[PDB]
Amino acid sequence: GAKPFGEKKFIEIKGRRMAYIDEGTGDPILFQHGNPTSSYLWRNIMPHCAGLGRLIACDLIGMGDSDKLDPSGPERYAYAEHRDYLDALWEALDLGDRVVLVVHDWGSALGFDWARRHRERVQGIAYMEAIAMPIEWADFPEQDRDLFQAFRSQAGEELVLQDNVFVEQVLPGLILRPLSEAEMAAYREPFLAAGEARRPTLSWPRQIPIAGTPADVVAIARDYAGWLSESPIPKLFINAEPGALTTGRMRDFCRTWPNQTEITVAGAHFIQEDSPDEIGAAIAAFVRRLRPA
């Protein structure tokens, strides 16, 4: 379906208005999108968890219905800045101490890091196509390797700010089934205007911890990777076939993580658009196990 889940709420964070879905009651099930997506990514997955908790999906700053940072530029929307806003938002939402995180892409880097820093409050972690550790270019899927190298070059601004390549090329190219007009409209909406409106979708690929750069994100991801590899917190690994980012070495590494259940769904990177019911059913089952009666 193309219809969103629930309706957007807003809250002021560091003076900027952030958007989020917050439906239902009980301990949170916290769904975090990555690039270049929004809370809309989870719209067909969150229904599966009806009744099981407070279903929350925030729009990262500069994304979805969340405000843009102004003045924007190449120094804006780095990992650390997103983390500042998201940490503050999650604090404001009064999540309590039994949170289930459901994460993807940069939502996984942010949620894994948040989990490492707030481990006593994390009841379980479901993740898919995640940034589970620092990688090398050989680990990056071959189909888009050159494109992502170009993003991480001076060519990135034209590709993304001018031509909206992450929304219009990468996103559909990593979804196996055709998207509808309405579905694409929802993904393009935060990024209809050329220029800095699209900067989050360029800053993000520039932040991926690849070949040692940027070193701060490499350090952060090294930290949560080491922690996750030891943590007994229940995990749900939603593996994808063919998948894209969490394949090869990174998948090998994820498969080493303790207390983890794994399912495989059809999909490349944005697997929520290919297998939402399989993914939702798996998450709901995970949460029912974590929250018995």
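Just count from 1 along the sequence shown to find any residue number.
- Per-stretch averaging of Cα B factors for 63 to 71 and 28 to 36 places 63 to 71 on top.
- As listed in the deposited structure, the average C-alpha B-factor of 139 to 147 and of 193 to 201 is greater for 139 to 147.
- The entry lists C-alpha B-factors for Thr213, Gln169, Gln123, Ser108, and the highest of these is at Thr213.
- Going by the entry's values, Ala221 shows the largest Cα B-factor out of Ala221, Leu159, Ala186, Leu174.
- When the modelled residues of the chain are ordered by C-alpha B-factor, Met18 sits in the lowest third.
- In the PDB entry, a CA B factor belonging to the middle third of its chain's modelled residues is recorded for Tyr77.
- Ranked within its chain, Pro234 lands in the lowest third, by CA B factor from the PDB record.
- Per-chain ranking of the deposited C-alpha B factor places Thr264 in the highest third.
- When the CA B factors of the chain's modelled residues are split into thirds, the value for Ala88 lands in the highest one.
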